[PDB]
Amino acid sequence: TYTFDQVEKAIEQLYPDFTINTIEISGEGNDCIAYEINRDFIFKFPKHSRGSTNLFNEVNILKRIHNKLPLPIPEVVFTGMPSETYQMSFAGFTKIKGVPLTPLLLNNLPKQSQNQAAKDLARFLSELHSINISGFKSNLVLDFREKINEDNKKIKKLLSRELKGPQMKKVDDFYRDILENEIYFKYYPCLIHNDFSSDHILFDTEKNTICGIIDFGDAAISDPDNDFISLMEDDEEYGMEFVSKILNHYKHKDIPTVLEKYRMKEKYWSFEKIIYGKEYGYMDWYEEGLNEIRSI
């Protein structure tokens, strides 16, 4: 964690001409804390080394796709420096004014506004997924089969003395079932947002139109279907019906596939909670995942 004195000092070092008048905490994620500075900029500071690589990733991707997208995205204006601890010490982005398009907010909109929102997200995704990926930096590729095998290995290392025989057999089976299913690894890899959820979609209540996409730190080259299944959850997201509208504008050509990927992903969450948990020292996510795994 950081003091305001630390943030200001960090920025002053690299941007001595930049006058800081105001600084307040803007937000906080698992990877970075955000500061709003002079009410003009969002500055992200990594909470840890791992978070710093997401920050570093966001900056590189945003630089590459700048003015290629049909909706406003953060623009990099300030960058920090690498250390032995952080790949990037901080970054300052233009602030995009607006509020998040919550499930609540969306469902209260004129049926036309909802439909237009679905159209704007579709064409945003269409152009993003169309961006030319050759000449893209290292690390950017996220091969799904590589991910699952690596995860499987991790679950095995973590849970071998935590599960009983029948319970681990269930784990093996699930991972077996995933890996022997071609549709998961068959996609054309494209540049994807990879955390495309309602809290990263900023909305203009005056125009009743989406006015920005934020938080590219998870972006990668992978399965573009990821950017639909993330919006499709019923608890914290928009739901299968609204995403379906988005799918039509996208001109999507295998929607049951999208659906099959959604359901697999929802089941898979227990395992991510174990892994993401253990890695981020979230003993709460680990125990939840562990308890879920010891069940249905």
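Residue positions are given as counts along the sequence shown, with the first one as 1. Take the two forms, find the largest set of C-alpha atoms that superpose within 1.5 Å, and that set is the rigid core.
Comparing the two stretches 156-164 and 101-109 by root mean square C-alpha distance in 4 other deposited structures of this protein, with all structures fitted on the core, the more displaced one is 156-164. When the other structures are laid on the shown form by the core, the C-alphas of 130-138 and 192-200 differ in how far they drift in 4 other deposited structures of this protein; the larger average drift belongs to 130-138. Between 196-204 and 135-143, the higher mean Cα B-factor belongs to 135-143.
The PDB entry reports B-factors from which the mean C-alpha value can be compared for 175-183 and 213-221; the larger average falls on 175-183. Across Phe271, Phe242, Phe45, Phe56, the greatest Cα temperature factor reported in the deposited entry is at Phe242.
Ranked against the other modelled residues of its chain, the C-alpha B-factor of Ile293 as given in the entry falls in the middle third. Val77: CA B factor lies in the lowest third for its chain, per the PDB record.
In the deposited entry, the Cα temperature factor of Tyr262 places it in the middle third of its chain's modelled residues.
For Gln167, the recorded CA temperature factor ranks within the middle third of the chain's modelled residues. In the deposited entry, the Cα temperature factor of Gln87 places it in the lowest third of its chain's modelled residues.
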